[PDB]
Every structure is written in structure tokens, then in C-alpha cells.
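Q: Quick one: the structure is below, and I'll ask about it shortly.
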Amino acid sequence: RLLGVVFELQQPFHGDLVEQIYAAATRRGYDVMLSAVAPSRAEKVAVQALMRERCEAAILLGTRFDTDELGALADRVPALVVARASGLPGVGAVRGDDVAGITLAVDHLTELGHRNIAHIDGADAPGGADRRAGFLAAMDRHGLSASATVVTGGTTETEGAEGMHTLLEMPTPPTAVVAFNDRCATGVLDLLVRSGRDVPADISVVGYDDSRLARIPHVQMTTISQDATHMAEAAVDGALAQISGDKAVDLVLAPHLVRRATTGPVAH
Amino acid sequence: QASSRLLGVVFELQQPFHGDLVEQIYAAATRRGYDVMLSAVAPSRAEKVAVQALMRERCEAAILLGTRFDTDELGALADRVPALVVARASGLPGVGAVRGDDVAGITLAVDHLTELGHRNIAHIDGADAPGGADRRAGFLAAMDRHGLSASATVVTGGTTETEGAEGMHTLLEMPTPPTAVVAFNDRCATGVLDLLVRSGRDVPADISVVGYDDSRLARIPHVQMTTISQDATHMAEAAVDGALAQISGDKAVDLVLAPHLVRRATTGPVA
Numbered sequence: 072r073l074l075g076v077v078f079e080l081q082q083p084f085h086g087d088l089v090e091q092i093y094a095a096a097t098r099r100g101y102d103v104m105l106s107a108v109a110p111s112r113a114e115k116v117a118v119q120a121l122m123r124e125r126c127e128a129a130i131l132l133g134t135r136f137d138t139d140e141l142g143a144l145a146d147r148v149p150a151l152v153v154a155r156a157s158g159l160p161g162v163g164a165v166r167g168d169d170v171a172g173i174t175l176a177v178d179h180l181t182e183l184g185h186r187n188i189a190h191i192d193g194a195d196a197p198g199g200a201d202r203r204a205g206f207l208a209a210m211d212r213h214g215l216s217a218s219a220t221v222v223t224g225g226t227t228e229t230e231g232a233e234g235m236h237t238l239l240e241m242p243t244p245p246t247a248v249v250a251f252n253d254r255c256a257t258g259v260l261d262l263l264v265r266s267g268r269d270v271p272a273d274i275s276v277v278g279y280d281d282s283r284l285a286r287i288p289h290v291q292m293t294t295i296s297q298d299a300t301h302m303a304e305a306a307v308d309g310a311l312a313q314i315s316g317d318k319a320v321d322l323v324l325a326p327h328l329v330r331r332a333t334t335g336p337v338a339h
Numbered sequence: 068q069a070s071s072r073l074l075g076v077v078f079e080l081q082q083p084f085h086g087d088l089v090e091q092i093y094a095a096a097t098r099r100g101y102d103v104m105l106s107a108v109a110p111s112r113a114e115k116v117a118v119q120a121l122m123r124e125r126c127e128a129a130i131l132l133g134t135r136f137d138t139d140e141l142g143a144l145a146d147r148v149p150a151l152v153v154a155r156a157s158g159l160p161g162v163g164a165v166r167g168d169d170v171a172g173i174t175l176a177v178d179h180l181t182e183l184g185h186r187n188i189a190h191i192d193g194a195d196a197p198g199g200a201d202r203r204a205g206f207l208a209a210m211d212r213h214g215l216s217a218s219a220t221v222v223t224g225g226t227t228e229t230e231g232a233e234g235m236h237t238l239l240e241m242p243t244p245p246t247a248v249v250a251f252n253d254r255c256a257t258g259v260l261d262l263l264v265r266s267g268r269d270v271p272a273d274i275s276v277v278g279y280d281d282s283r284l285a286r287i288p289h290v291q292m293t294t295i296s297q298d299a300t301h302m303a304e305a306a307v308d309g310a311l312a313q314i315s316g317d318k319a320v321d322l323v324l325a326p327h328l329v330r331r332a333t334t335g336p337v338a
């Protein structure tokens with residue numbers, strides 16, 4: 072028996088999810104067929120490749136498929152999306168509570184004394200809208216709506232670095248930054264150290280995903296974990312349940328704060 | 068039903084260079100009318116488990132990227148399906164291989180650095196990872212050719228940013244730290260650069276750094292890492308053709324490809 076999985080080849084978070092989906096699938100007696108998405112291999116191609124095999128289900132990690140696309144897919148095989156809502160009643164989803172996640176980051180920073188906090192969003196990437204919304208609501212909750220900045224970013228290191236550059240040029244640069252994800256925060260960190268600014272002595276930085284990048288010994292990035300192990304187990308069980316005939320579900324998992332060494336007392 | 072031919076590909080999840088090779092293999096495969104079935108290797112999923120997984124499929128060949136299988140494991144695999152390893156020698160007749168000329172590659176790195184005036188040059192090797200021994204021997208040979216055997220340093224490293232950092236730390240503690248460092252691969256170099264910048268040292272002003280693979284890490288706009296390319300696209304096409312050739316019944320070949328230097332901003336004249 073086979074479960075189809077579409078993931079992004081150069082994405083750390085998808086790497087964790089995939090490794091965990093393989094283990095969950097095996098525990099359930101299922102094999103996995105991976106179909107990679109890459110700059111030269113569109114998601115439509117990767118998804119279409121799984122259709123060429125005996126996949127009993129299709130699990131799309133952070134898919135950018137529109138409602139029509141997912142509908143067309145759901146018409147051919149049980150489908151479930153990971154790290155984002157499906158938008159369609161018949162397409163299941165296993166995602167992280169992005170709004171609660173970002174809120175943990177902000178709460179953590181305001182508790183350390185930070186008032187001027189910025190966010191480098193993930194643009195139109197899955198989860199970007201929610202974290203952006205969560206960031207703003209979280210700052211408001213602390214009565215810091217006035218000192219909250221949001222700059223467009225992305226999912227890569229460059230967008231992280233450009234975002235941080237932009238922020239440093241602000242009339243009043245932030246003392247803390249919440250990057251869209253870990254790869255993005257890596258870029259933020261790289262720019263800060265090269266610019267003579269110490270983390271956290273001068274600026275605190277928080278990432279998202281708790282990927283291999285965050286646990287690197289000399290980086291020790293504070294970040295939000297989405298619990299890749301349970302998300303993967305839920306995704307697999309979710310797909311196997313839809314295969315059995317059960318109704319598609321929108322499961323939201325709670326994230327947790329992972330404190331390392333990139334955040335600390337606000338300066339001065 | 069038999070109108071869709073499969074090529075099996077075993078690779079390391081989250082390994083930059085395997086990601087580049089996989090992307091290109093998919094493309095080369097498609098150009099030849101073949102689909103690709105990936106089977107990933109990860110800490111919780113042994114390469115042995117990944118290969119058996121491919122066996123439960125209709126793969127007409129198995130392409131292993133940087134495999135760690137010994138003669139016996141490879142042999143057993145070759146007895147079930149034509150096989151070809153990438154980025155290393157098979158060490159077995161009947162098992163094809165498509166790899167870069169590691170000795171030649173590191174020699175380019177060394178020639179580039181000595182040409183820029185560097186003499187105290189260090190190499191953080193890849194330990195026992197595929198390519199490790201060759202780049203280490205190639206490094207020492209090249210240093211000797213330039214009359215620098217007495218100012219050549221080799222420290223045991225690895226393939227991750229952590230070994231890069233640790234190896235660089237070790238090198239900085241030395242009586243006579245090196246002015247240039249050739250890392251095993253780009254990910255290792257990433258750690259070297261991370262440590263150097265956090266230590267207040269400028270690259271290349273104070274110290275020059277060279278990576279290997281020319282992976283996405285090296286081209287990142289703010290990293291701009293001088294590195295050695297293995298030409299992933301050509302390596303991927305060659306691996307696919309070698310596999311399709313072995314399926315056609317042709318004898319297994321050990322194809323060695325020439326690498327080239329890709330200069331960016333992490334190397335420069337010696338301080």
C-alpha cells in the first residue's frame with residue numbers, strides 16, 4: 072500500500088515532516104512515494120506524478136494549489152494538506168496554530184522587556200497571512216500597536232537579510248525581530264553579525280519551525296516548534312481515515328516555544 | 068502499465084548537494100521518458116531501509132547518491148537490479164559510477180589560493196564521508212607540489228556546519244593559524260564563515276575560505292562563497308544515461324567528471 076507525499080526539496084521544515092511521515096506511515100503499515108517540488112519542477116508536475124502510481128492518498132506539504140486545483144485532485148484521490156488550511160470541505164488539513172505560535176514569540180519578547188518589535192512576514196507563502204495577523208493582534212494585546220513594524224519577507228535567507236536591512240534603516244529600529252521561519256532568521260542573523268550588532272545583546276531574534284538550522288550549536292536560535300513528529304502522525308492518520316471513508320477534517324495542532332540563545336533582555 | 072518506466076534514487080534528506088542532484092536527475096529522467104522514485108535516507112531511516120523500499124517497487128535501476136554501502140551490500144543490490152553510485156567509486160565491477168575528480172577539484176582550490184599568495188593553508192576534511200579521503204590526499208599532494216608541505220594543516224571535519232565551526236576553532240587556536248581554509252563542502256564552509264565572522268575576523272580580508280559543491284548555500288547573495296563545482300546538471304544526466312545504458316545491457320562504467328572553480332567573494336590576496 073502506498074501514500075503519496077509532495078514536498079519542497081530545499082525546505083528544512085519539509086525535511087523534518089517527510090522524515091516523520093516515513094516513520095508514521097511505516098508504523099501504520101504503509102509505504103511512501105515522494106514527489107519533489109523544485110525550482111525546475113512545478114507542484115502541478117509533482118502532484119501529477121503521484122497520479123501515475125498506486126497512491127491511495129495524497130499528502131501535500133505547504134501546497135500553493137488553489138481551490139480549483141485541490142478540488143480537481145480531491146476528485147481523483149483522497150487528499151490532505153499539511154501546514155495550511157485546505158479551503159475545501161472534502162480536503163483534509165493538519166496544520167499548526169500559526170496565530171498562537173507567533174503570539175508565543177511576542178509574549179516571550181515583551182516579557183523580556185521588548186517594546187519595539189518587528190516582524191518579517193512570509194509574503195504569500197502558506198502561513199504568512201496568519202502569522203502576520205497574529206503578530207499584529209499580539210502586539211495590540213500588549214498595547215504596543217504603536218511600536219510594531221511589519222516588513223515583507225519570504226521563506227529564504229535573502230529575504231530575511233533584506234528585511235533586517237530595511238528595519239535597521241528605520242527611524243527607530245526594533246530591539247527584537249520575529250522572522251517568518253528559521254531559514255529567514257538565518258539571513259537576519261547573518262546580516263546582524265556582519266553589521267557589528269550582537270545577538271541578543273543588541274537585538275533579539277526569533278525563528279519558526281525548530282528546523283535543523285535552529286539547533287546548530289553556534290547558532291542556538293530561539294524558535295517556535297510546530298511538532299513535526301505529531302503533525303506527521305496526524306497527517307498520516309488523517310489520510311488513512313479519509314481512505315476508510317471518514318469525513319475530511321481540519322486539525323489544528325498547538326505549537327511550543329523553544330528557547331535557545333538568540334533572545335534576551337532588551338538593551339539599555 | 069509498462070508505459071511508465073521507473074528509476075530508483077536513494078538520497079540524503081536535507082543534504083544540499085543531494086538536493087541539486089535530485090532536481091537535475093528528475094529533469095534528465097523526464098527528457099528520456101523515465102519517472103523517478105525517491106527513497107530518502109535520514110537519521111531515523113537507514114540507507115538499508117531506504118534501498119529495500121525501492122525493491123518493493125518496479126525500479127529498472129537504482130541510483131545511490133553518496134552511498135555508504137560496502138562491497139557486500141552493493142553486491143547484493145547489484146544482484147537484484149542494475150545499480151550505479153554517484154559522487155564516489157563503486158569499488159565493484161558491474162556497479163557503475165558517476166563522480167567528480169575530487170583530487171583535481173581540491174587541487175584547483177589550492178592552486179587558486181597559492182596563486183593569491185597564500186602559504187599557510189588548511190583543509191577541514193570530510194572524515195570518512197564519500198570524497199573525504201580523495202580530497203584529503205589531493206590537498207596534501209597539491210600543497211607538496213607548491214613546496215608548502217610544512218605549512219599545510221589538515222583537521223578532521225565532517226559535512227555539517229558544526230564540524231566547519233569546530234575545525235575552524237581548532238585552526239584558530241594554532242601557533243600559526245592559516246590565512247586560507249579549504250572546507251570539505253559548502254555546508255562545512257558555512258560553519259567556517261559563521262565562526263570567523265562571529266570571531267571578528269573578515270573574509271577574505273583576514274582569512275580566505277573555499278567550499279566544495281557549488282550548492283545553493285554558496286550562491287546565496289550575502290554569502291557569495293568561492294567554491295568548486297561538480298556540475299550537478301551534467302553529473303545527473305550522466306548518472307541517468309549510465310543507468311539506462313546498464314538496463315540496455317551495456318557494461319558498467321566508472322565515469323569521472325572534471326570539476327571547475329567558481330570564484331565569488333570569500334577568497335582574496337593573503338593578508
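Chains as they are written, first to last, in the UniProt record's numbering: chain A, 72 to 339; chain B, 68 to 338.
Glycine included, each C-beta is placed from N, C-alpha and C at the ideal position.
1) I want to verify the contact list: residues of chain B whose CB lies under 7 Å from the CB of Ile287(A), in sequence order.
2) Taking the C-alpha atoms as reference points, what is the distance between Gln82(B) and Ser216(B)?
3) Just the chain B side, please: which residues come within less than 7 Å of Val264(A) by C-beta, in chain order?
4) Using DSSP's beta-bridge definition, name the partner residues of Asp102(B).
5) In terms of DSSP beta bridges, what is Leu131(B) paired with?
6) In chain order, what are the residue ranges of uninterrupted alpha helix (DSSP H) at least 4 long that sit wholly in the segment 263-296 of chain B?
7) Could you spell out where the beta strand (DSSP E) holding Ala120(A) opens and where it closes?
8) In the DSSP assignment, the alpha helix (DSSP H) including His190(B) goes from what residue to what residue?
9) Between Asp308(B) and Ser282(B), is the Cβ-Cβ spacing less than 8 Å?
10) Can you give me the Cβ contacts of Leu151(A) inside the same chain, cut-off strictly under 6 Å, excluding the 5 residues immediately before and after it?
11) Pick from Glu233(A), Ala219(A) and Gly193(A): whose alpha carbon is nearest that of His289(B)?
12) May I have a chain-ordered list of the beta strand (DSSP E) segments no shorter than 3 residues that lie completely inside the segment 215-250 of chain B?
13) For the segment 73-100 of chain A, list every residue whose C-beta sits within 7 Å of some C-beta in chain B, in sequence order.
14) Which value, in whole angstroms, describes the spacing of the CA atoms of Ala107(B) and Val89(A)?
15) Any C-beta of chain A within less than 8 Å: which residues of the segment 240-265 of chain B qualify?
16) Buried or exposed: where does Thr229(B) fall if 16 or more other Cβ atoms within 10 Å of its Cβ makes it buried?
17) Going by beta carbon distance, what residues of the same chain come within less than 7 Å of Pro336(A), once the five residues before and after it are set aside?
18) For the segment 198-211 of chain A against the segment 261-274 of chain A, are there 3 or more C-beta pairs whose distance is under 8 Å?
19) Could you pull out every unbroken beta strand (DSSP E) segment of at least 3 residues lying fully inside the segment 158-207 of chain B, listed in chain order?
20) Assuming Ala250(B) and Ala338(B) form a contact by the criterion Cβ under 8 Å, report the distance between their Cβ atoms to the nearest whole angstrom.
21) Just tell me which of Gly193(B), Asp195(B) and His213(B) has its CA closest to the CA of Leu180(B).
22) In three-state terms, what does DSSP make of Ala107(B)?
23) Indicate whether at least one CB of chain B lies closer than 8 Å to the CB of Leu215(A).
24) Quick one: Cα of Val153(B) to Cα of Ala145(B), how far?
25) Determine which residues share a DSSP beta bridge with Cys126(A) and list them.
26) Between which two residues does the beta strand (DSSP E) holding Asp321(A) run?
27) The segment 111-134 of chain A: which residues have C-beta closer than 7 Å to a C-beta of chain B, in chain order?
28) Using the C-alpha atoms, what's the distance from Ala176(B) back to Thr237(B)?
29) Hey, quick one: how far does the beta strand (DSSP E) through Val329(B) stretch, first residue to last?
30) Against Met292(B), what residues of chain A qualify as contacts under a CB-to-CB distance less than 9 Å, listed in chain order?
31) So, helix, strand or coil for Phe84(A), using DSSP?
32) From this set, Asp280(A), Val118(A) and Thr97(A), which residue's C-alpha is nearest residue 26(B)'s C-alpha?
33) Can you name the start and end residues of the alpha helix (DSSP H) that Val307(B) belongs to?
A: Taking the coordinates as given:
1) Your numbering for residue 287(A) matches position 216 in the first sequence. Under the 7 Å cutoff, chain B gives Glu228 and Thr229.
2) For this step, residue 82(B) is matched to residue 15 along the second sequence. For this step, residue 216(B) is matched to residue 149 along the second sequence. Taking the straight line from one Cα to the other gives about 33 Å.
3) Taking the first sequence and counting its residues from 1, one reaches residue 264(A) at position 193. Those are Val264 and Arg265, listed as they occur along chain B.
4) Taking the first residue of the second sequence as 1, we reach residue 102(B) at position 35. According to DSSP, which records beta bridges pairwise, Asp102(B) is partnered with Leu73(B).
5) Translated into positions along the second sequence, residue 131(B) becomes position 64. According to DSSP, which records beta bridges pairwise, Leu131(B) is partnered with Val77(B) and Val152(B).
6) 283-286
7) Start at 1 with the first residue of the first sequence, and residue 120(A) comes out as number 49. Here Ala120(A) belongs to no beta strand (DSSP E); instead the alpha helix (DSSP H) covers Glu114 to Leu121.
8) Walking along the second sequence from the start, residue 190(B) turns up at place 123. No alpha helix (DSSP H) contains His190(B), which is instead part of the beta strand (DSSP E) from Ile188 to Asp192.
9) In the second sequence, residue 308(B) corresponds to position 241, counting from 1. In the second sequence, residue 282(B) corresponds to position 215, counting from 1. It is not a contact, given that the beta carbons lie outside the stated cut-off.
10) Looking up residue 151(A) in the first sequence gives position 80. For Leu151(A), where only same-chain residues beyond five positions count, the Cβ hits under 6 Å are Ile130, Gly163, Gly309 and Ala310.
11) Locating residue 289(B) in the second sequence gives position 222, where the first residue counts as 1. Nearest of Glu233(A), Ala219(A) and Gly193(A) to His289(B), Cα basis: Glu233(A).
12) 219-223 and 247-250
13) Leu80, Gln81, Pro83, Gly86, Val89, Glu90, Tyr93 and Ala94
14) To locate residue 107(B), count along the second sequence from 1; it is residue 40. To locate residue 89(A), count along the first sequence from 1; it is residue 18. In a straight line, the C-alpha of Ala107(B) is about 9 Å away from that of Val89(A).
15) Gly258, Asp261, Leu262, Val264 and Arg265
16) Position 162 of the second sequence holds residue 229(B). Label assigned to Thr229(B): buried.
17) Against the first sequence, residue 336(A) aligns to sequence position 265. Contacts found: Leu183 and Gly184.
18) no
19) 163-167 and 188-192
20) If you number the second sequence from 1, residue 250(B) lands on position 183. If you number the second sequence from 1, residue 338(B) lands on position 271. Not confirmed; about 19 Å, so no contact.
21) By 1-based counting over the second sequence, the position of residue 180(B) is 113. That would be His213(B), whose Cα lies nearest to the Cα of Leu180(B).
22) Indexing the second sequence from 1 puts residue 107(B) at position 40. Three-state result, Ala107(B): strand.
23) Your numbering for residue 215(A) matches position 144 in the first sequence. By this cut-off, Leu215(A) is not an interface position.
24) Here the question's residue 153(B) lines up with position 86 in the second sequence. Here the question's residue 145(B) lines up with position 78 in the second sequence. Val153(B) and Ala145(B): Cα-Cα distance of roughly 15 Å.
25) Position 55 of the first sequence holds residue 126(A). For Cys126(A), which the question treats as bridged, DSSP gives the partners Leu73(A).
26) Against the first sequence, residue 321(A) aligns to sequence position 250. Per DSSP, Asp321(A) belongs to the beta strand (DSSP E) from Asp321 to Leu324.
27) The segment 111-134 of chain A vs chain B, Cβ under 7 Å: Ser111, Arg112, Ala120 and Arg123.
28) Within the second sequence, residue 237(B) is the residue found at index 170, counting from 1. Within the second sequence, residue 176(B) is the residue found at index 109, counting from 1. Counting only the Cα atoms, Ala176(B) lies some 21 Å from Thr237(B).
29) Position 262 of the second sequence holds residue 329(B). Note, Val329(B): beta strand (DSSP E), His327 to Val329.
30) Position 225 of the second sequence, counted from the first residue, corresponds to residue 292(B). The premise fails here: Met292(B) is roughly 12 Å from chain A at the closest Cβ pair, so nothing lies under 9 Å.
31) Counted from its first residue, the first sequence places residue 84(A) at position 13. If DSSP states are grouped into helix, strand and coil, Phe84(A) belongs with the helices.
32) Chain B is shown only over 68 to 338; residue 26(B) falls outside these bounds and no answer can be derived.
33) On the second sequence, position 240 is the one that residue 307(B) refers to. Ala299 to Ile314 is the span of the alpha helix (DSSP H), which, as asked, contains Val307(B).
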